[PDB]
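Please note: Cβ atoms are built from the backbone with ideal geometry, for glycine as well, and neighbour counts cover all protein chains shown. Read-outs throughout are calculated quantities, based only on the coordinates presented, and are distinct from any laboratory measurement.
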Amino acid sequence: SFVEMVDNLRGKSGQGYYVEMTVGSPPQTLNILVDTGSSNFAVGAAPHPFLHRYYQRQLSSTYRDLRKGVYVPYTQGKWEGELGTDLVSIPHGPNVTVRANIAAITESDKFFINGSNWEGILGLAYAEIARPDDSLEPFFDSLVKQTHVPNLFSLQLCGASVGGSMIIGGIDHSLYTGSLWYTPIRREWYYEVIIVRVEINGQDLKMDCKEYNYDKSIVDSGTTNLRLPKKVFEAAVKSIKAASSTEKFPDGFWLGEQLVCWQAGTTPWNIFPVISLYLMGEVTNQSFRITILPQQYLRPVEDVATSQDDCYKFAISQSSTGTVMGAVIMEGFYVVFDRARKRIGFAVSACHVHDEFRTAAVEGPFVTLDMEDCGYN
Ligand SMILES: CCCCNC(=O)[C@@H](NC(=O)[C@H](C)C[C@H](O)[C@@H]1CSC/C=C/CSC[C@H](NC(=O)OC(C)(C)C)C(=O)N[C@@H](C)C(=O)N1)C(C)C
């Protein structure tokens, strides 16, 4: 019965993917950002220049105040509000209704995006990183405990203005091709995984694999870019520059600041290398890899001028909190968050990226010794 959940996600490029939900009685409709990098369910509950609508607790008879404030900081943006509980449902999701914790956002800073079309956020990670503490049961935990919905979900994010699917409670085999390859969830807080090798155009970056996971590596649908630790970011950029030395790009380009443009349909994709991330597998000394095409880490942006040329922004940035496999990485892949078996699966998506001579892929098996030494402690 997953067919009704296909295409239940919408959004704008670089503004996150959202699903429709309803809270309170009578049901109040709101678009909620899907974020695997956080664990709090929260919605705007007060007027805001960027909000077209918000949660009105006074209009819900099922609403319950928990009389307890909350603050939640994100890599970018933050908000604070009041904790409470209410009935919640997902129109284009499983046909059920559950009582879950809800944070009524009363104040925020650089959180709501102008024209994003969403007024809330659904943290799908674990309680361990929930605010104010792990006692605040996350939405998915509530859903699984109050219903018969299996303990797993999958995400198929499609690029370009953007759409996709969030299959709650299962895997929809028509949304991907080939085989699903699984990597262990190292620890249940963020969806933490271990990267055991990185190659650019088939060239090993030759770095201590611990560097790839310093101080952790996570899968985060709520982050746009591929974020890499300083040392890895530097090595990656250097390699990508040399590969594209043919042309010249402003130093601000590699910083995500300035953007580059080309005559409509003349983008020199071939000069940009593919990136291969090898992930720890399910059996001893075994891993698999996912290959990222330039069409993924070069996010298309509207021409700042009155021109009809294709402009893009470097979607790879430096991080100080570990590797982050954001939406640009998840796009083109079908990703299964198999919480029941503590693993994350990857397969080529049906709405995969397209290149003339190259193609994004998930390949295995590969032999990799000492993978456990790649984890940072
Ligand atoms: C100061 C951080 C303290 C630690 N906090 C966390 O780790 C929290 N989790 C997180 O912050 C997640 C790891 C990140 C989370 O998904 C948050 C969700 S914020 C709501 C998301 C809106 C969709 S636009 C996404 C945006 N795109 C973007 O910036 O594009 C350009 C770079 C081109 C401008 C982006 O990428 N945001 C990153 C940076 C980010 O912050 N994402 C919670 C666990 C409490």
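For residue 201 and residue 341, what does the FRET efficiency come to when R0 = 51 Å and r is the distance between their Cβ atoms, rounded to the nearest 0.05?
Efficiency, from the Cβ-Cβ distance: 0.90.
Which ³J(HN,Hα) values in Hz, rounded to whole numbers, follow from the phi angles of the stretch 262-269 under the Karplus curve 6.51 cos²θ - 1.76 cosθ + 1.60, where θ = phi - 60° and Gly and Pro get x?
8, 4, 2, x, 10, 4, x, 3
What distance in nm separates the simple spin-label points at residue 53 and residue 210, each placed 7 Å from Cα in the Cβ direction?
Label at residue 53, label at residue 210, 5.2 nm between them.
Given a Förster radius of 35 Å and the C-beta distance between residue 147 and residue 106 as r, what FRET efficiency does 1/(1 + (r/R0)^6) yield to the nearest 0.05? If you can, show how the numbers build up before the last one.
Working: r = 30 Å, r/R0 = 0.86.
Once rounded, the FRET efficiency stands at 0.70.
Evaluate the distance, in nm, between pseudo-label points positioned 7 Å from the Cα of residue 46 and of residue 22 along their respective Cα→Cβ axes.
My value for the distance between the label points is 2.8 nm.
Name the shape class, rounded, prolate or oblate, that the alpha-carbon gyration tensor gives for the chain, where a ≥ b ≥ c are the square roots of its eigenvalues, rounded holds for a/c under 1.5, and otherwise prolate holds if a/b is larger than b/c and oblate otherwise. All intermediate terms of the calculation are to be shown ahead of the outcome.
On the way: a/c = 1.77, a/b = 1.41, b/c = 1.25.
Cα axes put the chain in the prolate bin.
Taking the Cα centre of the chain as origin, work out the dipole magnitude from +1 charges on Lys and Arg Cβ and -1 charges on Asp and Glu Cβ, in debye rounded to 20.
Numbers: 32 positive and 42 negative charges, 75 e Å.
Roughly 360 debye for the chain.
Please compute the modelled spin-label separation between residue 369 and residue 282, points set 7 Å along Cα→Cβ, answer in nm with one decimal.
2.6
Would you work out if the stretch 1-55 is rounded, prolate or oblate? Take a ≥ b ≥ c from the square roots of the eigenvalues of the alpha-carbon gyration tensor; rounded if a/c is under 1.5, else prolate when a/b is larger than b/c, oblate otherwise.
Oblate shape, in that a/c is at least 1.5 and b/c is the bigger or equal ratio.
Mark the label point 7 Å from the Cα of residue 308 along Cα→Cβ and return the residues of the stretch 251-289 whose backbone N is within less than 15 Å of it.
Counting backbone N atoms under 15 Å from the label point, the list is 262-266.
For residue 224, which sequence-distant residues (separation of 5 or more, or a different chain) have an amide H within less than 5 Å of its own amide H, given hydrogens modelled in the peptide plane?
327
Using the Karplus curve 6.51 cos²θ - 1.76 cosθ + 1.60 with θ = phi - 60°, work out ³J(HN,Hα) for each residue of the stretch 364-377 in order, rounded to whole Hz, and write x for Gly and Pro.
Karplus-based 3J(HN,Hα) across the stretch 364-377 equals x, x, 10, 9, 9, 7, 6, 4, 5, 6, 7, x, 8, 10 Hz.
Please name which of 88, 143, 40 has its Cα lying farthest along the dipole of the stretch 17-149 towards the positive end, using unit charges on Cβ (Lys, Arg +1; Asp, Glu -1) and the Cα centre as origin.
Selected residue: 88.
Please label the shape of the stretch 17-149 as rounded, prolate or oblate, based on the square roots a ≥ b ≥ c of the eigenvalues of the alpha-carbon gyration tensor (a/c under 1.5 means rounded; beyond that, a/b larger than b/c means prolate, else oblate). Could you put the intermediate results ahead of the total?
Numbers: a/c = 1.30, a/b = 1.14, b/c = 1.14.
It comes out rounded by the Cα gyration axes.
Can you tell me the dipole magnitude for the stretch 17-149 around its Cα centre, using point charges on the Cβ only (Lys, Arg +1; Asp, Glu -1), in Debye to the nearest 20?
240
In whole Hz and in residue order, list the ³J(HN,Hα) couplings for the stretch 148-155 that follow from phi through the Karplus curve 6.51 cos²θ - 1.76 cosθ + 1.60, θ = phi - 60°; x for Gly and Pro.
So the Karplus estimates, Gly and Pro as x, are 9, 4, x, 7, 5, 8, 9, 10 Hz.
What Kirkwood Rh does the stretch 261-358 have if only Cα atoms enter the pairwise 1/r average? Answer in Å.
One decimal place: 15.7 Å for the Kirkwood radius.
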